[PDB]
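The block underneath contains the structure these notes are about, expressed in structure tokens.
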Amino acid sequence: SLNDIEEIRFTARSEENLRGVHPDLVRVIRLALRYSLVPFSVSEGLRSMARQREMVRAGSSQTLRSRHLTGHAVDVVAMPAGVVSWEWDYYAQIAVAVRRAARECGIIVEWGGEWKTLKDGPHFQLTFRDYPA
Ligand SMILES: [Cl-]
Ligand SMILES: [Zn+2]
């Protein structure tokens, strides 16, 4: 399937899941698709209130306030060789690409890999300070 694909990028998949995300975060993620050594898609951009309420009931978030609800966050999924991976190092590499794109665009993007506790690789967001909501 992917033997003749000299540079593997999940552009179309990512663009679809970026619909409704804040245009400034979209711009950063689209640029990061160009830079990342690790192919990735966006697994979740906009999240519904009902899904957030479900997370709060189940305990995977403390609050109904989420940057995903308003368009200010994405979760990425690493797709090395077209196969989903949850391994940390892939997300570290993705974050290099995101950080470079972000910098080029003049926008700070926070990465869940730099959360003070319970670090997790998929999450990127625009800051509350820069992009209040
Ligand atoms: Cl930086
Ligand atoms: Zn997230």
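Structure notes:
- Region 41-74, residues that are within 9 Å of ligand 2 (Cβ to nearest atom) and not hydroxyl-bearing (S, T, Y): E44, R47, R67, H68, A73, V74
- Matching entry among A97, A92, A102, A78 (being surrounded by 13 or more Cβ atoms within 10 Å (Cβ to Cβ), hydrophobic (A, V, I, L, M, F, W, C) and more than 21 Å from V21 (Cβ to Cβ)): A92
- The set of residues from region 115-130 being under 21 Å from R27 (Cβ atoms) and either more than 8 Å from ligand 2 (Cβ to nearest atom) or in contact with a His (Cβ under 8 Å, 6 or more places away or on another chain) (or both) comprises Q125, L126, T127, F128, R129, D130.
- All positions within region 77-133 that are farther than 19 Å from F10 by Cβ and among the polar types (S, T, N, Q): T117, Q125, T127
- Residue among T63, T70 that is touching a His at 6+ places or on another chain (Cβ under 9 Å), surrounded by fewer than 21 Cβ atoms within 10 Å (Cβ to Cβ) and not in a helix (DSSP H, G or I): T70
- Scanning region 1-36 for residues that are of a type in the set (A, V, I, L, M), surrounded by 17 or more Cβ atoms within 10 Å (Cβ to Cβ) and part of a loop (DSSP other than H, G, I, E, B) returns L18, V21.
- Scanning region 110-124 finds no residues that are at positive phi and either of a type outside the set (A, V, I, L, M) or touching a residue at least 24 places away in the same chain (Cβ under 8 Å) (or both).
- When residues of region 77-133 are limited to those that are of a type in the set (S, T, Y) and more than 14 Å from the chain's Cα centre (by Cα), the one farthest from ligand 1 (Cβ to nearest atom): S85
Neighbour counts are summed over all protein chains in view; Cβ atoms, including those assigned to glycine, are modelled from backbone coordinates with ideal geometry. Coordinate-derived values only; no laboratory data.
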